[PDB]
Protein chains: 2
Amino acid sequence: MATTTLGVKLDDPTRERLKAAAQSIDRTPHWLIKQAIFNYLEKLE
Amino acid sequence: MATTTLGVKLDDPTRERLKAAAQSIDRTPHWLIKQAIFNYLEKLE
């Protein structure tokens, strides 16, 4: 997908919590970040 | 905040849509990304 790489603002502590978000679908952390950002749009869309 | 900088996976088209998310609180795009990721945790928290 048109994934342009921008610097994100995540904290180690927070980054671990994202793993839980990845666990919801069972995907990779970096890859989870894309859902957490784009899926976040689809959620509140 | 402990904002560690990781490369994100955003698309220009998608990045513009984030601006709408920033418009919800009226904040800065980069800065919106942190909410879109952390607020996304607080939302589904």
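Taking the conditions (1) among the β-branched types (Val, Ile, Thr); (2) at the interface with another protein chain (Cβ under 7 Å from one of its Cβ atoms); (3) farther than 19 Å from A:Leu18 by Cβ in turn, B:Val8 satisfies each one other than (3).
Checked against (1) more than 21 Å from B:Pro13 (Cβ to Cβ); (2) more than 8 Å from every other protein chain (Cβ to nearest Cβ); (3) in a helix (DSSP H, G or I); (4) not β-branched (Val, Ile, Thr), A:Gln35 meets all criteria but (1). Scanning segment A:5-32 for residues that are over 17 Å from B:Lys34 (Cβ atoms) and not in a helix (DSSP H, G or I) yields A:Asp26, A:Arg27, A:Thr28.
For (1) of a type outside the set (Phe, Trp, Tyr); (2) more than 13 Å from A:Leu44 (Cβ to Cβ); (3) surrounded by 15 or more Cβ atoms within 10 Å (Cβ to Cβ); (4) without any contact (Cβ under 8 Å) to a residue 60 or more places away in the chain, each residue gets a yes or a no:
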site	(1), (2), (3), (4)
B:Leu6	yes, yes, yes, yes
B:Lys9	yes, yes, yes, yes
B:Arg15	yes, yes, yes, yes
B:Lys19	yes, yes, no, yes
B:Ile25	yes, no, no, yes
B:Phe38	no, yes, yes, yes
B:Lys43	yes, no, no, yes
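FYI the Cβ positions are ideal-geometry reconstructions off the backbone, even for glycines, and counts take in every protein chain you see. The numbers here are math on the coordinates, done by the rules we state, and not lab data.
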